[PDB]
Amino acid sequence: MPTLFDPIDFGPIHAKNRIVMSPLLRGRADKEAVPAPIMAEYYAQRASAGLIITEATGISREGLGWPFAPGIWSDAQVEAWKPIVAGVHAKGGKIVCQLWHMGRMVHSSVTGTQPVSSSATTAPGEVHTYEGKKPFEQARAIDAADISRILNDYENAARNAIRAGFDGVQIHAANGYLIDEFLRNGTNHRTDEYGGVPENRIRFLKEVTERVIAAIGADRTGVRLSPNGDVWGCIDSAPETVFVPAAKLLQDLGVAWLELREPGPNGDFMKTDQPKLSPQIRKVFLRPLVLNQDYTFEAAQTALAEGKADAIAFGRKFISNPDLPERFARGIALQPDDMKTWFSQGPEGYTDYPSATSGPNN
Ligand SMILES: Cc1cc2nc3c(=O)[nH]c(=O)nc-3n(C[C@H](O)[C@H](O)[C@H](O)COP(=O)(O)O)c2cc1C
């Protein structure tokens, strides 16, 4: 029964503590999805985190519709990630790349192709483009040839992640994106082998996970799931019958660790009514389980104290607190984060969050 400050091994990744920086897209790449030098400074400032999970990073032009988000399918993107990773390693940190395919959460003006998903659905609301928000387009239900191509993309992205120096990768199977669209029955209306019974709805996750495992090794393969929230219109009516078996599959496949994002009943951006499945998932996935969402320092210590989690990932607190593990250890109050600069451009609200009384007061 450890504390947040006790080390943990995520496969071969020796993490000096159990404070993980959850994935957080910041939109600081260029229009070619190539990371900008400023991203090296952002990740370096937070290298005291036991493990960094990078922002969602697109596996392909097709799967990346968020403007100014980074990618990892091309040699140019690889060459740009290299000094970003090296700068975290220079401070002794560890960092994994979150491989992204956005599925239907995409706009054809960005990707160049119609949104693709498990079924031909339209997400509610508005999608970002380089020319402002636009209505979501109806998705195309991908076929077997599409799956094979998308599997190739995942492998090449996972291989490129390792080329860039990453200690591992995290498969984004959550948040209503491509894989989550297959997992949940509210969005998977397929009548073939990838829809219907829970085993069928996990088949795409299985095949994605198998390629990544075979590409970079199972000990360097983590996954993120979001079993209970209603994220971007993506929900499953009976999550237990799908997500518990999905986590059992991840165990059987040997994935080194699992992160769960679990909204509660009372939450800002994206909450829910469906209860968390971490206790049930905990019984089937025995390797490091990472829990994430509304965690305070106090609740995070409680989860490790109660054997309910191995580590805790922090998102919004790491935006505004580059030294989050030091404020936890030293009892320092935390900096609030400014939403306006979540997805803006430049260092403002990005690399100018101070760590100590060294700003305009030293
Ligand atoms: C790939 C990926 C990218 C994400 N990017 C953001 C982000 O840019 N901003 C944000 O508030 N949450 C983002 N999230 C959700 C957070 O990682 C996290 O799960 C959630 O914010 C938990 O809330 P917390 O920050 O209070 O811990 C992202 C999640 C994933 C999986």
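The table below gives the values:
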read-out	value
Karplus 3J(HN,Hα) series, Hz, for the range 226-233 with 6.51 cos²θ - 1.76 cosθ + 1.60 (x for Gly, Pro)	10, x, 10, x, 9, 10, 6, x
Net dipole in debye of the chain [+1 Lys, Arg Cβ; -1 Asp, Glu Cβ; about Cα centre; nearest 20]	400
Amide H within-cut-off set for residue 5, under 5 Å, with H built and near neighbours excluded	18
In the range 236-353, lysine pairs closer than 23 Å at Cα, eight or more apart or cross-chain	11
Distance histogram in 20 Å bins (all Cα pairs of the chain, percent per bin)	31, 62, 7, 0
Radius 12 Å from Cβ of residue 148, net charge of other residues (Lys, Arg +1; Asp, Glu -1)	-3
Relative contact order computed over the chain (Cα-Cα under 8 Å; 6+ residues apart), in percent	17
Of 70, 37, 23, the one that fluctuates the most in a GNM where the chain has Cα springs shorter than 10 Å	37
Choice from 149, 203, 184 showing the highest fluctuation, given a GNM over the chain with Cα pairs closer than 10 Å	149
Residue exposure sequence - 31, 248 - by fewest surrounding Cβ within 10 Å	31, 248
GNM top mover of 164, 238, 49 - the chain, alpha-carbon springs below 10 Å	238
Environment charge at residue 174 (Cβ cut-off 9 Å; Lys +1, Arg +1, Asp -1, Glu -1)	0
For the chain, share of DSSP beta bridges that run antiparallel, in % to the nearest 5	20
Of the DSSP H helices in the chain, those whose Cα atoms cover at least 15 Å axially and whose Kyte score averages -1.0 or more	75-90, 144-163, 203-216, 240-253
Test item: Cα-centred dipole of the range 211-270, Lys/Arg +1 and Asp/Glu -1 on Cβ, debye	280
Unit charges at the beta carbon, dipole of the chain: most positive-side option, 121, 319, 68	319
Taking 117, 358 and counting other C-beta atoms within 10 Å, the order from fewest to most	358, 117
Cut-off under 5 Å, modelled amide H: who pairs with residue 98 long-range	54, 57, 170
Within straight-line cross-link reach of residue 82, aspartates and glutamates at Cα separation under 17 Å, skipping those fewer than 8 residues along the same chain	30, 32, 41, 55, 167
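Just so you know, all these numbers are worked out from the coordinates, no wet-lab data involved. Backbone-built Cβ (ideal geometry, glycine too); neighbour counts: all protein chains shown.
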